[PDB]
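Residues per chain are reported as follows:
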Amino acid sequence: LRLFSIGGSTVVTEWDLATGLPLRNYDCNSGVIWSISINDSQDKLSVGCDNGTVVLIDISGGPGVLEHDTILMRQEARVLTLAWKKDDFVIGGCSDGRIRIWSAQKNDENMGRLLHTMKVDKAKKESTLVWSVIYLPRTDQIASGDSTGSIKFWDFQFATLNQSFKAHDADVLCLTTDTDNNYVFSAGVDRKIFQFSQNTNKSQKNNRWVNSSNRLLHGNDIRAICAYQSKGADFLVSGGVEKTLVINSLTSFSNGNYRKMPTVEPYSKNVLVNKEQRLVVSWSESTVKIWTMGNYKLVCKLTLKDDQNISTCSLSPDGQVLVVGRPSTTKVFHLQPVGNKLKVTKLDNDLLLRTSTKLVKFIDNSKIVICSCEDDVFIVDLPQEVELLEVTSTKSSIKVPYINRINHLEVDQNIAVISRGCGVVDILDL
Amino acid sequence: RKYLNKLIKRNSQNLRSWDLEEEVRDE
Amino acid sequence: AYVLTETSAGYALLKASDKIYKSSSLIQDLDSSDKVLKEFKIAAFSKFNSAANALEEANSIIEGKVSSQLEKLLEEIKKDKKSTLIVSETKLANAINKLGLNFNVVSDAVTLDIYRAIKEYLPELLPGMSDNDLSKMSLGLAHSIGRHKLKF
Amino acid sequence: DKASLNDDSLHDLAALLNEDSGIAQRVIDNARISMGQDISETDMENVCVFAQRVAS
Amino acid sequence: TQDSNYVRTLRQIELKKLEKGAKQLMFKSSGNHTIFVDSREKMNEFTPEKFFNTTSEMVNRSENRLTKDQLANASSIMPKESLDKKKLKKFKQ
Amino acid sequence: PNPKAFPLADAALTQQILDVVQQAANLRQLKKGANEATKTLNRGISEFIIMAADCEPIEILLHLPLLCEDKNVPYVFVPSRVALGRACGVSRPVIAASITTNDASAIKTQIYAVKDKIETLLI
Amino acid sequence: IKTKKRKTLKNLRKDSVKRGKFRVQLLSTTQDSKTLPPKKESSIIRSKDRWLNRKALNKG
Amino acid sequence: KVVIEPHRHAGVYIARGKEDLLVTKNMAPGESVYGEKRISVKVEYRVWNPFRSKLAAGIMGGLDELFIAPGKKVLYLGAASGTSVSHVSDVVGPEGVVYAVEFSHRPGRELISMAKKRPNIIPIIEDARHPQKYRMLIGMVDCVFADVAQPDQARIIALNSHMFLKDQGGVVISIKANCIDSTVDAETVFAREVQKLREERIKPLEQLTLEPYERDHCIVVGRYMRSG
Amino acid sequence: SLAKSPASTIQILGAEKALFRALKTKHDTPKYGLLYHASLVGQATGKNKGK
């Protein structure tokens, strides 16, 4: 499986899940890109771009390769949201406040021709704009949440609405559906999650949705909903702006128990403390802030100007040494205390300057051990390598690549221990 | 060396006299 | 190993003493020279007949599929039941896999270095394969295929 | 036509103007390498009729 | 109708002659010319004379900057008053 | 309809085009028929060129995209000569028409908006 | 003091020196352009966030 | 009466006479292709129209490393109806050849007629994005010029230069901002295209805005290094 | 080029001398052109020859 992400720039960056690095930045041709959605069978992904257009880029023949296939017929409205019906139609909602339906059909005379447009009825003192579109397969419909704050249900043939709801106050931002499309959930900016249902026999026979219920859980607003349903479990996950994500049950959304996964999770840590000289060190993006204590007083602050990454692993042993390491490059520091102030300096070793460090540890104040993301461990004395015992790839190691990578490396005075997320652990004597 | 420099200068002067202008440039 | 190539001097199969490691060593050692040509000279040339119409239908149905002179060469390409072949097109690879010999062939892999190097050093194969300047025949082929692709 | 010209036709041009000058060899090479646009048979027939008229 | 035909004929006369005049004229480009380097020491070390291997006015002139080895108007009559006069005459026409 | 009629405007673009063709007709800024359209192209006065994608045979207006291309004038195909003739406001089918240049009209902003949309569609 | 040191910091950070009619720019590092995706466009992102924190919905 | 002057490159001349002009020395004399004028001084010379060809516009805009020398092989992508490819055949002369490419049919017929006129032009009328159908014909070009309008410009250039370019080779692109993006500023679009070529192994050397000739068109000159 | 020209030019095509003289002199333009010798214009009579 592959992971395509997209930021504010004009490329689609396809990640490499083995080492957690960008496998390839495919530059899409036309303009700043606003949205992305793959089709069924995961063969062709559509990107909707601020010039007003929609590009189809297709994946075929292994990862790491994306060739530009088609630019559909274009307009002058920037495309905010895309969806795929099938291998047949590309549905887009665009900032004119209107929804267009393009034909994406291999071997047809209509392909790349926008052949339906519908319009969301405007607001008054604003420029309305459609935020979220979704295709419902069973009931052959397209639903959309729009900046009037509303939810509309069009049907695909005749491209015409059956239902409209003034659901909530300010603009809708997300939509999700079921497997069989009995429930469609909408997520506003007014913190509410609305549930529209169709489950009864009469409502299914007459296509009538009902505004079944609503629930607010969040603090600021909502920005993403994804639902998953299978014989194991049935939950939708909604995450927003207040740095958290809540989890609800799908079929019992009015009755079920919600759970609020917090802001912070301490797996990839950001704070260490050395009892020698009694000092805490925290690190965030280009900031190494050090306090000493005994009350607490700040000493250090280290913007690393050259790098622009998150310093993912920094470590200081018992003493005056410090190291900082990113998946691109690293740096090593020596501190000299002059009192309440310290003076840092940057040393030089081309080995650490070229290598990437997933997991750094110290042996003593001279030698450190490095686990590099390609499963490669090194020792330096401030190119001494040591081998590993190989793991055999099963189907999970084929699909999810990073399982065989080393998760943790814990060091004693001399001896060390390796742990890889397949469930395997090893003891290393250096 | 200086002879070559002078020759280059002479050729440059010829080219300048071919393609030059005063206020004719702005005109 | 064998490699098939198509030029306006005919259809040439070149031998390669074994691939991918050879590709890497080729491009890193800059084997764009007659030294690499004499390391890997030739397996079997096939000059065509002097029939411009036959060449026309030939390279047209080469752009489409596999041709009959290609059949008359693929009857004797093989040394074993399976011999690795380097082809310059994926559809042609599927064609030569699905025709009547059924041996092993890699598609258009990383071997653009091989194809480009032999395209460059084919002037040094003018004393080897075609003792003539084939550019005039290439020009005639191009003008004739132009007059055929256009209606005319 | 510039194509149906063999070595017997080369000796036929030698029976015509001159082969010791090599013009027959020059025109047979240019005919074998020619890029001139081929014409229809009725065009060639009418060109032959016109050339016959001029020769007479 | 006859008046408008006459004016239209005169307009097409002048349009075709303006096309031919601008076709036989020649202008000087005024465009942005960037040069990509790889090291900032060389970027600070840049000099157009040192780059194109030319001199002053050859650097400032666009359509021809011949190198010093390429280098290493008496033919035209009165080059200080006449040539520019005829060029400006054609431009004014 | 006819696959040689390449840029074929949709419902919204065709509605905008036929509205501006109606406004241009009532301003008398519109030259109708393929011969008058070709004349406007040769004089060099067309803002843009509308054609009808269902004229049989199609070549009698296929001669126009060549001059439109070589003189950098936008052209588009709306899909019905009957509707185009009724937009231009004459009792016949009209297969081609041209909106002509005059920078003092009261429909200039509409003409430039539609012309920009056509330029985007050809680009 | 602080303003001029920030200005010479930006002067050292910049890359495009103008030399008369020409312009001299350099190319970045392939390691950065390979292991990092390009930065977002601040004006477009600012447009989306302005419309979300629009002054017509009485947020806060 | 007319005076010739060499250019910074070979095969490009400048007439200083009654009017200053940019000319090219004819390989074929006395026959005009698109009705351009000419000058005899005695051998023949042919005017190059910088408005009507995007290459001579970059010439008059000033360009240090133009890779077209006489005895070389040049591949022209986007040779529509034949004007500038006739000019580059004229400047390469008999030793160098030019592989012209085009897809369409009326410019195709005009290009075929002109290639019947000239010997160094060898014409292809195939899809420029599918390089195999002239891979069977073309061998190891020295430099590529390209002036296309499909927005996958870096894509087709990467393909054709991986298949045909000599190492340490030259590649010249014309880029049309109003066709590739048409909303953002042309400088930003050209910088994005420069990044695309730098990704696809074209080490760029310079770019140039064809200001008085075309709207928002640029030329990018780069080299091809250590690739395939 | 003949297809690119409009229809009125194809009518006028022959009588260009009288055409341009009448245009620059503000007289009436000729009406036949080179089409006079076609059979239909050979069957018409006068104003019908013009039409």
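Its PDB record attributes the structure to cryo-EM, giving the resolution as 3.8 Å.

Draft legend 1. The arrangement of the overall build of chain F in detail. Counting its secondary structure elements, chain F contains six helices and four strands. Ordered by position from N to C terminus, the α and β elements of chain F give α-β-α-β-α-α-β-α-β-α. Against the 2.2 N^0.38 benchmark of 14 Å for 123 residues, chain F shows a C-alpha radius of gyration of 13 Å, consistent with a compact globule. The C-alpha extent of chain F, read off along each of the three principal axes, is 35 × 30 × 25 Å. Here chain F holds 123 residues, and 50% of them are scored as buried.

Draft legend 2. Representation of the interface of chain E and chain H. Residue-level contacts link 28 residues of chain E with 33 residues of chain H. Summed over both partners, the interface of chain E with chain H buries about 2,500 Å², with 53% contributed by carbon and sulfur atoms. The interface formed by chain E and chain H contains zero salt bridges. The tally of links from chain E across to chain H stands at twelve residue pairs in polar contact. Looking at the side of chain E that touches chain H, the elements that each hand over two or more residues are α1 (2-24), β1 (33-37), α3 (48-52) and α6 (83-92) of chain E. Ranked by residues supplied to the side of chain E that touches chain H, first place goes to β1(E) with four residues. The pairing of β1(E) with strand β11 (residues 202-209) of chain H spans three bridges and is classified as antiparallel.

Draft legend 3. Structural detail: the sheet that holds strand β19 (residues 210-216) of chain A. All names here are of chain A. In spatial order, the strands read β16-β17-β18-β19; together these four strands make up an open sheet with antiparallel pairing. Of all the strands in the sheet, just β16 (174-177) and β19 have a single pairing partner and so form its edges. Each neighbouring strand pair of the sheet contributes to a mean axis angle of 20°, computed without reference to strand direction. Two strands pair when backbone bridges link them, and strand β18 (residues 192-197) and β19 are joined in this way by six bridges, in the antiparallel orientation. For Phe 196, the partnering residue across the bridge sits in β19 and is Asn 211.

Draft legend 4. Representation of the nonpolar core. With 57 residues, the main nonpolar core has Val90(A), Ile17(F), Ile49(F) and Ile50(F) as its most contacted residues. At seven residues, helix α1 (residues 11-27) of chain F tops the list of elements feeding residues into this core. Apart from residues no more than four positions distant in its own chain, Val90(A) is found in contact with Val54(A), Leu56(A), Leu72(A), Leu82(A), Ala83(A), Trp84(A), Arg100(A), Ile101(A), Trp102(A) and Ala104(A). Among the nonpolar cores identified, the runner-up in size contains 36 residues, and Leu75(H), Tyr134(H), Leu197(H) and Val220(H) belong to it.

Draft legend 5. Fine view of the side chain of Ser203(A). Residues and elements named next belong to chain A. Considering the arrangement of structural elements, one finds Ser 203 in helix α1 (residues 201-205). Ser 203 gets classed as buried once you look at its relative accessible area, which sits at 12%. Within the structure, the side chain of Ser 203 is placed 2.3 Å from the backbone oxygen of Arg 208, a separation counted as a polar contact. Beyond its immediate chain neighbours, meaning those up to four positions away, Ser 203 contacts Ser 197, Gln 198, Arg 208 and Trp 209.

Draft legend 6. Focus on the packing of helix α1 (residues 20-28) of chain C against helix α6 (residues 112-121) of chain C. Residues and elements named next belong to chain C. Where α1 contacts α6, the axes come no closer than 9 Å and their chain directions differ by 50°. By the angle class used here, α1 and α6 are oblique. In this structure, α1 crosses over α6, and the sense of that crossing is left-handed. Side by side, α1 and α6 meet where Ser 23, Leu 26 and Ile 27 of the first sit next to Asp 113, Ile 114 and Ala 117 of the second. The residue inventory of the contact of α1 with α6, partitioned by class, reads four nonpolar, one polar and one charged.

Draft legend 7. Representation of a nonpolar patch on the surface within the structure. Taken together, the side chains of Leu13(D), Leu16(D), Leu17(D), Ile23(D) and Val27(D) make up a nonpolar region of the molecular surface, amounting to roughly 470 Å² of accessible area. Structurally, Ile23(D) is set in helix α2 (residues 23-32).

Draft legend 8. The pattern of salt bridges, seen in detail. Enumeration over the complete set of coordinates arrives at 30 salt bridges over all chains. In this structure, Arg326(A) and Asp307(A) form a salt bridge, with 2.4 Å as the shortest nitrogen-oxygen distance. In this pair, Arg326(A) sits in the loop between β29 (321-325) and β30 (330-337) while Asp307(A) sits in the loop between β27 (296-300) and β28 (313-315), placing the two residues 19 residues apart along the sequence. An identical accessibility class is assigned to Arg326(A) and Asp307(A); each is buried. A salt bridge links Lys149(C) to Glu126(H); the shortest N-O distance between them is 3.2 Å. One end of the pair, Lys149(C), is in helix α7 (residues 135-149); the other, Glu126(H), is in the loop between β8 (121-124) and β9 (143-146), on a second chain. Judged by its relative accessible area of 28%, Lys149(C) is partly exposed. Classification of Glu126(H) by relative accessible area gives buried; the value is 13%. Through salt bridges that share partners, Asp221(A), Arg223(A) and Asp49(G) make up one connected network.

Draft legend 9. Representation of the interface of chain E and chain G. Every contact between the two is made by 15 residues of chain E and, on the other side, eleven residues of chain G. Counting the surface lost from both chain E and chain G, the interface buries some 1,200 Å², and carbon and sulfur atoms represent 63% of this. Counting across the interface, chain E meets chain G through zero salt bridges. Scanning the region where chain E abuts chain G turns up five residue pairs in polar contact. Listed by contribution, the elements that provide at least two residues to the side of chain E that touches chain G are β1, α2 (40-44), α3 and α4 (56-60) of chain E. The residue makeup of the side of chain E that touches chain G, split by class, is eight nonpolar, five polar and two charged.

Draft legend 10. Representation of the arrangement of the chains in the model. In this assembly 15 pairs of chains touch, with chains E and H having more contacts than any other pair. Left apart from each other, chain A and chain I have a closest C-alpha approach of 29 Å. At their nearest point, the C-alpha atoms of chain D and chain I are still 22 Å apart, with no contact between the two.

Draft legend 11. Representation of unusual backbone geometry in the model. In this structure, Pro57(F) follows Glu56(F) across a cis peptide bond, with omega equal to 0°. Even without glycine at this site, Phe152(C) takes up a positive phi of about 45°. Of note, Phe152(C) is situated in the segment after α7. By relative accessible area, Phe152(C) is classed as exposed at 57%.

Cut-offs used in this document
- As a numbering rule, every chain is indexed from 1 in the order its sequence is written, which need not reproduce the entry's residue numbers; residues that lack coordinates are not presented.
- Labels are handed out in written order, letters beginning with A for the chains and numbers beginning with 1 for the ligands.
- The displayed chains are a subset of a larger assembly; all values refer to this subset.
- Water and hydrogen atoms were dropped before computing side-chain values, which therefore reflect all heavy atoms in the structure.
- Residues with missing side-chain atoms are left out of burial classes, side-chain pairs and their counts.
- Each helix is a run of H or I in the DSSP string that is no shorter than four residues. Each strand is a run of E no shorter than two, and both are numbered from the N terminus.
- The reference for a compact globule is 2.2 Å times residues^0.38; the radius of gyration itself is calculated from the C-alpha atoms.
- Three exposure classes are used, based on accessible area relative to the maximum for each residue type with a 1.4 Å probe and protein chains only: buried under 20%, partly exposed in between, and exposed over 50%.
- What makes two residues a contact is simply this: any of their non-hydrogen atoms within 4.5 Å.
- Once two parts are put together, the accessible area they lose, assessed with a 1.4 Å probe and summed over both, is termed the buried area.
- Only one rule defines a salt bridge in this text: a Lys or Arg side-chain nitrogen within 4 Å of an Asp or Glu carboxyl oxygen.
- Within 3.5 Å is the distance limit for a polar contact, defined as a pair of N or O atoms, with the added protein rule that one can donate a hydrogen and the other accept it, and that residues adjacent in sequence qualify only through two side-chain atoms.
- In this description, strands pair whenever DSSP reports at least two bridges between them.
- Lines are fitted to the C-alpha atoms to define the axes, a helix being fitted only along its stretch in contact, and any angle between axes, read from their N-to-C directions, falls within 0 to 180 degrees.
- The criterion is simple. A nonpolar core is a set of buried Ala, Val, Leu, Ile, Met, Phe, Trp, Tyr and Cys residues joined through side-chain atoms within 4.5 Å.
- To sort the angles, those under 35 degrees are grouped as roughly parallel, those over 145 as roughly antiparallel, those from 65 to 115 as roughly perpendicular, and the leftovers as oblique.
- By convention, the crossing between two helices is left-handed when the near helix turns anticlockwise from the far helix through less than a right angle, and right-handed when the turn is clockwise.
- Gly is put with the polar residues, along with every residue not named as nonpolar or charged; the nonpolar set is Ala, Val, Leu, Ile, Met, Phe, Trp, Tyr, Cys and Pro, and the charged set is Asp, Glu, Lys and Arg.
- What makes a patch is a set of residues exposed beyond 30% relative accessible area and free of salt bridges, joined within 9 Å when like-charged and within 5 Å when nonpolar (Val, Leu, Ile, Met, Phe, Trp, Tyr).
- Only the protein chains shown count as cover for residues, and the accessible areas themselves come from Shrake-Rupley with a 1.4 Å probe.

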